[PDB]
**Student:** 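The structure that follows is given in the form of structure tokens.
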Amino acid sequence: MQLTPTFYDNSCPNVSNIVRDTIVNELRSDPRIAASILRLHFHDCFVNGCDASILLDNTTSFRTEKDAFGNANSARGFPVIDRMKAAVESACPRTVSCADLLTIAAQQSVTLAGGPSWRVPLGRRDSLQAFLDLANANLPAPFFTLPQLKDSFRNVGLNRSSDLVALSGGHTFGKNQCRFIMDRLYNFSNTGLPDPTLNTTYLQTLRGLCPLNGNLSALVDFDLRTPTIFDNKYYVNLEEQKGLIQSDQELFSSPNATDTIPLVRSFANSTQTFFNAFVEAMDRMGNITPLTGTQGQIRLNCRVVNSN
Ligand code: HEM
Ligand SMILES: O=C(NO)c1ccccc1
Ligand SMILES: [Ca+2]
Ligand SMILES: [Ca+2]
């Protein structure tokens, strides 16, 4: 069946508010949680669809996706998702799937951070297993070239250039570890020189935050203009060659960016245009091979498959 935003309007009408309240409370002690949650949803959807497979803990039958390159010592916010699920289960027992919960949490996170507000289609169910090997092959890496980023998205059904450019806008907030930009800073492409597409003045600031022999786990803001606000500033940075990671700047500086540049220019000069495109791309991503109707289950605890 098709996903619909009205799925819980009768069975659990306040699920949206329960999710929002949880994030609002968490934001007070962790201003980064909204960014972390949106990212969890993205990593869920790109591996076998938005089926909450990423939330499963390791078992003797399958390995957790939390160990995947890109998730290990990177993804976070799991206990917050647990709190959300516990609250929803008390109000609406065995009604809301973890897959749908993570979807609503991602939308609310964007809205709470100043982004657009919309009702996400719902009705997804939870997977019976995790897919580590698939996660290690499906998640795009920061060193991918533009054509490789395009292939990665097309691989899961997001075959429009707007999907890539709009969803990349999720880097309008959140943090990135020094380790993922060390090459751009000191030795790009085995050349011994920094990435020529990185603004030289910005390069100095970044080198100060990520010293050659420093802490590779140190965090840097993805968006130097409004680090915690969900807006179109991410695109303005690209125009000034101030995109933080390689995959960011390529949207504007790659020799294959013929079709992405116009979107970047458009999004950088119109919040409304970017927000509309982001909502459309988000709903498309949220529709990647979902389990519906009778497939999968409604997990009682997002970390484990139901017993019986
Ligand atoms: C186009 C390919 C993409 C690549 C190569 C990529 C790469 C990365 C990397 C390297 C990090 C830093 C991880 C760390 O330092 O631990 C990150 C964080 C993040 N990404 Fe992406 N990303 C991509 C797409 C997306 C998309 C589509 C979204 C969501 C719509 C997204 C949302 C985020 C957020 C919000 C964070 C920060 C999370 C936090 O602060 O906890 N990313 N991404
Ligand atoms: O966030 C990622 N992919 O979306 C990612 C992060 C680091 C290494 C590999 C991939
Ligand atoms: Ca998944
Ligand atoms: Ca921002």
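As a basis for the values below, the full set of heavy atoms in this structure was taken, side chains included, without hydrogen atoms, waters or symmetry mates. Positions are given from 1, in the same order as the sequence printed here.
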**Student:** Give every residue pair that meets the salt bridge (charged side-chain N to carboxylate O under 4.0 Å, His left out) criterion with at least one member in residues 99-114, sequence neighbours excluded.
**Tutor:** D100-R124
**Student:** Show me the pairs that pass salt bridge (charged side-chain N to carboxylate O under 4.0 Å, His left out) and involve residues 233-244, at least two apart or across chains.
**Tutor:**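 Qualifying pairs: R225-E240, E239-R265, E240-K242.
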**Student:** Please name all residues satisfying ring pair (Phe, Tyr, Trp, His ring centres under 6.0 Å) with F173, sequence neighbours left out, ordered by chain then number.
**Tutor:** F230
**Student:** Show every disulfide bond (SG atoms under 2.5 Å apart) that has at least one partner inside residues 176-231, sequence neighbours left out.
**Tutor:**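 The answer is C178-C210.
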**Student:** Going by the side-chain contact (heavy atoms from CB on, under 4.5 Å) test, name the single residue among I288, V156, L134 that passes it with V47.
**Tutor:** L134
**Student:** Is the shortest distance from a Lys or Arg side-chain nitrogen in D9 or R119 to a carboxylate oxygen in the other one below 4.0 Å?
**Tutor:**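 Looking at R119 together with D9, the answer is yes, because their closest N to O distance falls below 4.0 Å.
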**Student:** Identify whether the distance between the nearest side-chain nitrogen and carboxylate oxygen of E280 and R160 falls below 4.0 Å.
**Tutor:** yes
**Student:** Taking atom types as modelled, find out whether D231 and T226 have a side-chain donor-acceptor pair closer than 3.5 angstrom.
**Tutor:**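 Short answer, yes.
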**Student:** Run the ring pair (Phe, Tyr, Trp, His ring centres under 6.0 Å) check on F46 and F153 step by step: do they pass?
**Tutor:** CA-CA 8 Å; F46 258 55; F153 273 53; 5.0 Å; yes
**Student:** For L291, what are the other residues in its hydrophobic cluster, where any two members join if their side-chain heavy atoms are less than 4.5 angstrom apart?
**Tutor:**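 Joined to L291, directly or through intermediates: none.
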**Student:** Regarding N256 and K150, do their side chains bring together a donor and an acceptor under 3.5 Å, going by distance alone?
**Tutor:**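 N256 vs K150: donor-acceptor pair found between side chains.
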**Student:** Could you check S97, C98, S53 and say which one makes a side-chain contact (heavy atoms from CB on, under 4.5 Å) with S127?
**Tutor:** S53
**Student:** Identify, with sequence neighbours excluded, every residue that meets salt bridge (charged side-chain N to carboxylate O under 4.0 Å, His left out) alongside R303.
**Tutor:** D57, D82
**Student:** One thing to verify: whether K85 and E89 come together as a salt bridge, which I'm taking to mean a side-chain N less than 4.0 angstrom from a carboxylate O.
**Tutor:** yes
**Student:** What residue pairs, at least two apart or across chains, pass side-chain hydrogen bond (donor to acceptor under 3.5 Å, both in side chains) with a residue in residues 289-298?
**Tutor:**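 The answer is none; no pair qualifies.
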**Student:** Any carboxylate oxygen within less than 4.0 angstrom of a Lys/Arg side-chain nitrogen, looking at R76 and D30?
**Tutor:** yes
**Student:** If you link I, L, V, M, F, W and Y whenever their side-chain heavy atoms are under 4.5 Å apart, who else ends up in the same group as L203?
**Tutor:**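 Besides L203, the hydrophobic cluster comprises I181, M182, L185, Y186, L198, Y202, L206, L209, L212, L216, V220, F222, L224, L244, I245, listed by chain and residue number.
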**Student:** Do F78 and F69 share a hydrophobic cluster, counting only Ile, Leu, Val, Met, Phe, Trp and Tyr and linking them when any side-chain heavy atoms are less than 4.5 Å apart?
**Tutor:** yes
**Student:** Among pairs that include at least one residue of residues 102-145, which meet ring-ring contact (aromatic ring centres under 6.0 Å, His included), considering only residues two or more places apart or in two chains?
**Tutor:**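 Not a single pair qualifies under ring-ring contact (aromatic ring centres under 6.0 Å, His included).
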**Student:** Report the residues that fulfil salt bridge (charged side-chain N to carboxylate O under 4.0 Å, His left out) with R94, sequence neighbours left out, ordered by chain and then residue number.
**Tutor:** none
**Student:** Enumerate the side-chain hydrogen bond (donor to acceptor under 3.5 Å, both in side chains) contacts for residues 203-215, please, sequence neighbours excluded, ordered by first and then second residue.
**Tutor:**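 Non-adjacent pairs meeting side-chain hydrogen bond (donor to acceptor under 3.5 Å, both in side chains): zero.
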**Student:** If you group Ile, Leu, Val, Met, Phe, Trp and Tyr whenever their side-chain heavy atoms sit less than 4.5 Å apart, what else falls in with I229?
**Tutor:** none
